[PDB]
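Chemist: This is the structure I have questions about; it appears just below.
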Amino acid sequence: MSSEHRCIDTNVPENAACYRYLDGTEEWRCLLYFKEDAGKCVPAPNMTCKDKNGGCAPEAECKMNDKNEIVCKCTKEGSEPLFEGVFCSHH
(Lines give C-alpha, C1' and ligand atoms only; values in the text may rest on other atoms or scores of the structure.)
Protein backbone atom coordinates (compact mmCIF):
# COMPACT_ATOMS: atom_id res chain seq x y z
CA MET A 1 0.00 0.00 0.00
CA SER A 2 0.96 3.63 -0.60
CA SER A 3 2.58 5.30 2.40
CA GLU A 4 0.16 8.23 2.46
CA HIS A 5 -2.69 5.89 3.35
CA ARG A 6 -1.03 4.09 6.26
CA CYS A 7 -2.72 4.77 9.56
CA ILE A 8 -0.81 7.01 11.98
CA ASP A 9 -3.48 7.93 14.51
CA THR A 10 -5.04 4.56 15.41
CA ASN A 11 -3.63 1.77 17.52
CA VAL A 12 -4.85 -0.98 15.15
CA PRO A 13 -6.18 -4.22 16.62
CA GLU A 14 -4.33 -7.49 15.98
CA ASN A 15 -5.45 -9.27 12.78
CA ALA A 16 -6.87 -6.05 11.35
CA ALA A 17 -5.87 -3.76 8.47
CA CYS A 18 -6.21 0.00 8.53
CA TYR A 19 -6.63 2.66 5.85
CA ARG A 20 -6.24 6.44 6.27
CA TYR A 21 -8.49 8.37 3.88
CA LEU A 22 -8.00 11.77 2.23
CA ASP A 23 -10.19 13.48 4.90
CA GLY A 24 -7.80 12.43 7.65
CA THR A 25 -10.11 9.78 9.11
CA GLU A 26 -8.89 6.24 9.63
CA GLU A 27 -10.86 3.00 9.47
CA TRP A 28 -9.64 -0.37 10.61
CA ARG A 29 -11.30 -3.62 9.46
CA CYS A 30 -10.61 -7.17 10.44
CA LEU A 31 -8.67 -9.30 7.96
CA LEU A 32 -10.59 -12.01 6.08
CA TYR A 33 -11.45 -15.03 8.25
CA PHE A 34 -11.76 -12.84 11.33
CA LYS A 35 -14.84 -11.13 12.72
CA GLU A 36 -15.07 -7.87 14.62
CA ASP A 37 -16.41 -7.59 18.18
CA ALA A 38 -15.72 -4.60 20.46
CA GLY A 39 -12.20 -3.91 19.21
CA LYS A 40 -11.13 -7.52 18.81
CA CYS A 41 -10.83 -9.50 15.57
CA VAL A 42 -11.96 -13.05 16.51
CA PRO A 43 -11.00 -16.06 14.35
CA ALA A 44 -13.87 -16.92 12.00
CA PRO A 45 -12.60 -19.64 9.68
CA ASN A 46 -15.96 -20.48 8.17
CA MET A 47 -17.53 -17.06 7.97
CA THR A 48 -19.64 -16.72 4.83
CA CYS A 49 -20.68 -13.95 2.45
CA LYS A 50 -23.96 -13.64 4.32
CA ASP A 51 -22.20 -12.31 7.42
CA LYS A 52 -21.12 -8.70 6.78
CA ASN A 53 -20.24 -9.41 3.16
CA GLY A 54 -17.78 -12.13 4.18
CA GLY A 55 -15.51 -9.41 5.57
CA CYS A 56 -15.06 -8.02 2.01
CA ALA A 57 -15.23 -4.25 1.53
CA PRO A 58 -18.87 -3.12 1.43
CA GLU A 59 -18.66 -2.11 -2.23
CA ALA A 60 -16.99 -5.37 -3.21
CA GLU A 61 -18.64 -8.56 -4.39
CA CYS A 62 -18.27 -11.58 -2.09
CA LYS A 63 -18.31 -15.07 -3.64
CA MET A 64 -17.86 -18.43 -1.94
CA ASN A 65 -15.18 -20.50 -3.68
CA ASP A 66 -15.75 -24.38 -4.10
CA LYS A 67 -13.35 -24.98 -1.18
CA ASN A 68 -15.56 -22.74 1.02
CA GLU A 69 -13.00 -19.90 0.62
CA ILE A 70 -14.04 -16.25 0.57
CA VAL A 71 -13.27 -14.46 -2.68
CA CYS A 72 -13.69 -10.66 -2.66
CA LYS A 73 -13.92 -8.83 -5.95
CA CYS A 74 -13.39 -5.09 -6.38
CA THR A 75 -15.68 -4.42 -9.33
CA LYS A 76 -14.91 -0.75 -10.15
CA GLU A 77 -12.49 -0.69 -13.11
CA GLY A 78 -8.91 0.06 -12.08
CA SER A 79 -9.93 -0.64 -8.50
CA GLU A 80 -7.59 -3.18 -6.86
CA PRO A 81 -7.98 -5.27 -3.71
CA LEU A 82 -5.97 -4.36 -0.63
CA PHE A 83 -5.50 -7.11 1.98
CA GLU A 84 -7.40 -9.56 -0.26
CA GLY A 85 -10.36 -7.22 -0.72
CA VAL A 86 -11.00 -6.01 2.82
CA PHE A 87 -10.49 -2.63 1.14
CA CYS A 88 -10.69 -1.78 -2.58
CA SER A 89 -8.63 1.13 -3.94
CA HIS A 90 -7.77 2.84 -7.21
CA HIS A 91 -4.49 1.32 -8.39
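Convention: chains lettered A, B, ... in C-alpha coordinates order; per-chain residue numbering from 1; ligands numbered from 1 as shown.
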Show me, as JSON, numbers by chain, the residues that have an atom within 12 Å of segment 59-74 of chain A when counting only C-alpha atoms, minus same-chain residues fewer than 2 positions from it.
Modeler: {"A": [31, 32, 33, 34, 44, 45, 46, 47, 48, 49, 50, 51, 52, 53, 54, 55, 56, 57, 76, 77, 78, 79, 80, 81, 82, 83, 84, 85, 86, 87, 88, 89, 90, 91]}
Chemist: Just to confirm, what's the straight-line distance from atom CA of residue 7 of chain A to atom CA of residue 43 of chain A in Å (one decimal)?
Modeler: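 So the answer is 22.9 Å.
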Chemist: DSSP on the backbone: which residues in segment 41-73 of chain A end up as helix (DSSP H, G or I)? Give the answer as a VMD selection string.
Modeler: chain A and resid 52 to 55
Chemist: Could the residues in this selection be saved with N, CA, C and O atoms as a PDB file, in the first residue's frame?
Modeler:
```pdb
ATOM      1  N   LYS A  52     -21.832  -9.931   7.059  1.00  0.00           N
ATOM      2  CA  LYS A  52     -21.118  -8.696   6.778  1.00  0.00           C
ATOM      3  C   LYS A  52     -20.343  -8.729   5.476  1.00  0.00           C
ATOM      4  O   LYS A  52     -19.133  -8.432   5.495  1.00  0.00           O
ATOM      5  N   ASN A  53     -20.917  -9.304   4.433  1.00  0.00           N
ATOM      6  CA  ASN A  53     -20.241  -9.408   3.158  1.00  0.00           C
ATOM      7  C   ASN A  53     -18.998 -10.257   3.200  1.00  0.00           C
ATOM      8  O   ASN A  53     -18.126 -10.113   2.348  1.00  0.00           O
ATOM      9  N   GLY A  54     -18.922 -11.235   4.106  1.00  0.00           N
ATOM     10  CA  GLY A  54     -17.778 -12.127   4.176  1.00  0.00           C
ATOM     11  C   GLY A  54     -16.519 -11.391   4.700  1.00  0.00           C
ATOM     12  O   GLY A  54     -15.466 -12.000   4.702  1.00  0.00           O
ATOM     13  N   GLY A  55     -16.722 -10.154   5.142  1.00  0.00           N
ATOM     14  CA  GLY A  55     -15.507  -9.415   5.568  1.00  0.00           C
ATOM     15  C   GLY A  55     -14.936  -8.660   4.368  1.00  0.00           C
ATOM     16  O   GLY A  55     -13.982  -7.863   4.554  1.00  0.00           O
TER      17      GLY A  55
END
```
Chemist: List every residue of chain A that DSSP, applied to the backbone, labels as strand (DSSP E), and write the result as a PyMOL selection string.
Modeler: chain A and resi 16-20+26-30+34-37+40-43+61-64+70-73+79-82+87-90
Chemist: I'd like the contact shell of segment 9-21 of chain A - 6 Å cut-off, only C-alpha atoms, skipping same-chain residues fewer than 6 positions apart - returned as a PDB file with N, CA, C and O atoms, in the first residue's frame.
Modeler:
```
ATOM      1  N   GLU A  27      -9.857   4.103   9.148  1.00  0.00           N
ATOM      2  CA  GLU A  27     -10.862   3.001   9.468  1.00  0.00           C
ATOM      3  C   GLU A  27     -10.063   1.740   9.499  1.00  0.00           C
ATOM      4  O   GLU A  27      -9.298   1.423   8.609  1.00  0.00           O
ATOM      5  N   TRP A  28     -10.277   0.911  10.561  1.00  0.00           N
ATOM      6  CA  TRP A  28      -9.642  -0.374  10.607  1.00  0.00           C
ATOM      7  C   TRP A  28     -10.799  -1.461  10.392  1.00  0.00           C
ATOM      8  O   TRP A  28     -11.918  -1.123  10.718  1.00  0.00           O
ATOM      9  N   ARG A  29     -10.355  -2.504   9.760  1.00  0.00           N
ATOM     10  CA  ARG A  29     -11.302  -3.621   9.465  1.00  0.00           C
ATOM     11  C   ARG A  29     -10.577  -4.914   9.726  1.00  0.00           C
ATOM     12  O   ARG A  29      -9.380  -5.119   9.427  1.00  0.00           O
ATOM     13  N   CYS A  30     -11.330  -5.906  10.316  1.00  0.00           N
ATOM     14  CA  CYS A  30     -10.613  -7.172  10.435  1.00  0.00           C
ATOM     15  C   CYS A  30     -10.223  -7.782   9.117  1.00  0.00           C
ATOM     16  O   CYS A  30     -10.910  -7.648   8.107  1.00  0.00           O
ATOM     17  N   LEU A  31      -9.149  -8.575   9.100  1.00  0.00           N
ATOM     18  CA  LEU A  31      -8.670  -9.304   7.958  1.00  0.00           C
ATOM     19  C   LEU A  31      -9.700 -10.437   7.645  1.00  0.00           C
ATOM     20  O   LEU A  31     -10.575 -10.670   8.500  1.00  0.00           O
TER      21      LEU A  31
END
```
Chemist: In Å, rounded to a single decimal, give me how far atom CA of residue 2 of chain A is from atom CA of residue 24 of chain A.
Modeler: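 Distance between the two atoms: 14.9 Å.
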